[PDB]
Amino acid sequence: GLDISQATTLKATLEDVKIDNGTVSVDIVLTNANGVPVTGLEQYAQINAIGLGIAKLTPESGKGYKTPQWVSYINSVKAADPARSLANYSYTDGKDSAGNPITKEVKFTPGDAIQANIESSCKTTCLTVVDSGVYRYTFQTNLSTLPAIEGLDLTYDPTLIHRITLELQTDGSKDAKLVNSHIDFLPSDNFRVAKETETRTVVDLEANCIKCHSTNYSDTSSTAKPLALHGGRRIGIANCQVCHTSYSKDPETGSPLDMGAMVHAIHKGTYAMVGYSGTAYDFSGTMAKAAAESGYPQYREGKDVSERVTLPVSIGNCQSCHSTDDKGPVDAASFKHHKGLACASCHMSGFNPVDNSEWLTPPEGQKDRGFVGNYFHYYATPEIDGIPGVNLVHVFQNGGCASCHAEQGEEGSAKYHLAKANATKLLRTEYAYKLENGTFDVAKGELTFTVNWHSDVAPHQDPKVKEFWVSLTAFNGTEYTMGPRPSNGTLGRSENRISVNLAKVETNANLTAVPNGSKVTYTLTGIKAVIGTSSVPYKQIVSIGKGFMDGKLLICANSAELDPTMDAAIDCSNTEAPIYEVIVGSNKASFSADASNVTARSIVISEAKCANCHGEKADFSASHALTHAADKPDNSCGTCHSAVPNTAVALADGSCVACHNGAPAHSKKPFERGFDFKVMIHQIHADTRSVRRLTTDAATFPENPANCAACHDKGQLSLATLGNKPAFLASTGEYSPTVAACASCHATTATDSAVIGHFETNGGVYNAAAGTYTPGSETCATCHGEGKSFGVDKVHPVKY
C-alpha cells in the first residue's frame, strides 16, 4: 500500500461493526482514489480529525404515522455562556394602516441544553491496525456506562437500526484528504447493513440540495462557497443527522438544532443561534438592524454574522428540498407526517413556551397536546402565524384530522402545502396555447396574428381568464435597445415594445378578434409613428418592422380548492373564495412584414440553470414593485414599469433583455447598479450591485458567483460576436459590451486604473461619452473566449 504522508487523496469505508458488553468497534477501510490501501494512519502527525459517532433510530408514535428519529448515544448537557446568552431586542419595520411605526420583537430562551455529539478526542489512541489500510476503531465510550441524562433514553437496543459515522481529515485538506462516511446496520441480525427502506435518510444531498448549493469543496477561489460546515470538515448529510437531533439545542438562545427545525428556519430567514467561540449567527439580519437602531452590545460587527438569507424560491416550495418524484430518498414522503419541531419551525416563528406560556394549557375541557400541538389545535391565528394568513385552527375545526395526521401512504398537510403548485401545473397544461407569427403591414399600421387557444371559448369570453397579454418587441437582428422615453401613445409609451391585453377586445377600439373554432385571429391597428430624430411611441417597431411576440396569460385559481380531481380555475369576479393567479407563457413567435420567422436572438445562458435555484418558470413581476408598479403595461408609464403584471416570462431567450439592454430610457442609473441585463444579473448574484431597488440586503447566493457554469452552459461564452453589440449607455457614460459583461464584477467603478487601462488598451471603452465605441473594436474574444489562452473557463472556478 501507500504511506499516508504520500497519499494525495483518501477514501474510507466503514464495516465489520462489533458491539460487546457495550464496547463498540468498527473497521475503517482506508484507500486512495485509486483504491490503493493507505498505510501509516495510526502514526501520522498531520491528522486534523478522526471523529466517530454512533446513534440509534428510534420509533415515534401518536395519532397517525410519525417518522422514527435518531438518538445519539453520545450527548452532554451544555451550560450557557452568560456573556453570549442573547438578550431580547426589538426593531422598527414598516407602518400600520394608520401610518404609525410597527415594532417587532425577537425573543430568546437561554438555559442549559442537551447536545448530541461524537467521539473526537481519542483519534489514533483508539486505532489498531488489522490489515493494510484497515484500521479497527474501538470507541472509548462504553454503551453500558453512559451517564444518565434526564429526558433521554440512552438504553442500547440491538433490534433498532443503528448508525455509525466517521469524519476523517488530514493535512488541513478541504476535500482530497477529507472524508465523511457512515454505515447503518442492524446489530440483532449479525450487524448486517440496513436496507435503504429500513434506515432514515429523508433528504439526499444530490436530489435535494445541490440544485442551489456548491459542493466544490476544494474551491480555492476568493468567492468559494461550498456547503461544508464546522470549519469545513462536515459535508455529509448522514453525519449532520447524528448531532442535529430532535432534542439538541443551543444553550445561548434556546434555538433548536434539530436538522429540520434548523434547516427550515435558516432558509426562512428566522434562525438565530450562538455557535463556536461565541459567534452569533443570525440568519434574519435583524440583529445588526437593532444594533444600528437601538444599540445591541452583544452584536460585534466583523465577528458576529447578522445577514438576512434571501431564498430564491418561496419557503412554501417544499419540492425544492423534499422529493416527490420517487427519484430521491425512499423515505422522502417523511415531510407529509407531523413532527412538532418541523411544523413549528415555519408556523411558530418567534414563539416559545416561556414568552407564550399560555399555550402550554389547552382551552377549558380540551386535551393537552403540548406547546406545538396546542398552537396548531387551539391558538394559531392568521395574524400571528409564521406564514401570514395561514389559519391552522380553521383546519383543525373544519378540515378533519387527516389534514395533519397522516397514516403511511397518505398526504397529511402536503394536501395543503402542494395544492397551489399542483393546480398551477394542471392549469398551465390545460390553458397552454401557441402564438402564430404576426403579419405587420407597416404602412397601414396593422398587426394580424392568430392564437391557437385551448378551446372554442376565446380569452375574452372566459371569465376565468384575468388578462392575456401579448407583447411585441422590435428586434434589429443585433440586439434589443429600449431607446429614449417618448410621449404617450394610444397603445403604449415605448419605442420598441407594445403590450396588448387580448382578454379585453370589446372595449379596445384598436383590437378586433375573429374566432375560428379554437383559433382566434387578432388585428391590432394604430401602430403608426412619424420616423424622425424625435422619440415617438413604436418608433423602432415601425422603422425595423419585425421582432418577437411573447404571451403572458393570467388565470384565476381557487385557493380553497384542495382536491386535484376538481377544477381549480375560477371566475375572476367571484367573491366567496380566495383567488390566486396562475401564469401561462408561450413560444416566442415572430412578427414581420410577411409573417416569416425572424432569426432567434442568440442564447447565452441556460433556462434550466436559473430554474435550479428559482424553480421552473419563475415570475419576476414582484421585482418591478418599486416604480409605477400599479400602472398597466398598455398604459403610459406602465408600458415599462408595470408589476401588474410585468409582461415577460422566460429568462434565457431574451424576453427580459427586451427592456434590460444597453439603452435604458430615462432616469438612468450608473454602471454600479446598471439596468442592462447581464450587468444587473451579474451584480445581484455576485453582490457587486451598489443598491438593490427593493431591499437593503445583498443577495445570499448559495453558489460561487465566479462559477460561471451556475448559469452559463459550455460553449455559450465564446465571446465571438459580443463586441459587435451596442455599448451599454448608463447615466454617466457608456461601456462596450464585453467590458460591461466583465466589469459588472471586476470593476464597477474606475477604482483600479490598471484594470481600466487593460480594457482601453484592447479596444474597450469604459464610462466614455455616448457614441464613442464602434461595434467590432473589442478584441477580448481572442484571449478570453472559452478555451483560449486566458479563457473564461480557465481563469474562473467553473464546475461544468
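Position 1 is the first residue in the sequence shown; the rest follow in order.
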Exercise. Comparing 703-711 with 68-76, which stretch shows the greater average C-alpha B-factor in the deposited entry?
Worked result: 68-76
For this session: Identify the stretch, either 449-457 or 587-595, whose C-alpha atoms have the larger mean B-factor according to the entry.
Result: 449-457
Seminar exercise, completed: Per the deposited entry, the peak Cα B-factor within the set 690, 381, 173, 696 goes to 173
For this session: Determine which member of 736, 731, 751, 744 has the highest CA B-factor, using the values in the deposited entry.
Result: 751
Seminar exercise, completed: Temperature factor at the Cα of residue 521, chain-ranked in thirds, falls in the lowest
For this session: Quick one: classify residue 81 as lowest, middle or highest third of the chain based on its Cα B-factor.
Result: highest
Problem set entry | Lowest, middle or highest third - CA B-factor, residue 740 | lowest
Seminar exercise, completed: Here the Cα B-factor of residue 628, set against its chain, lands in the third termed lowest
For this session: Give the position of residue 601 by CA B-factor within its chain, expressed as the lowest, middle or highest third.
Result: lowest
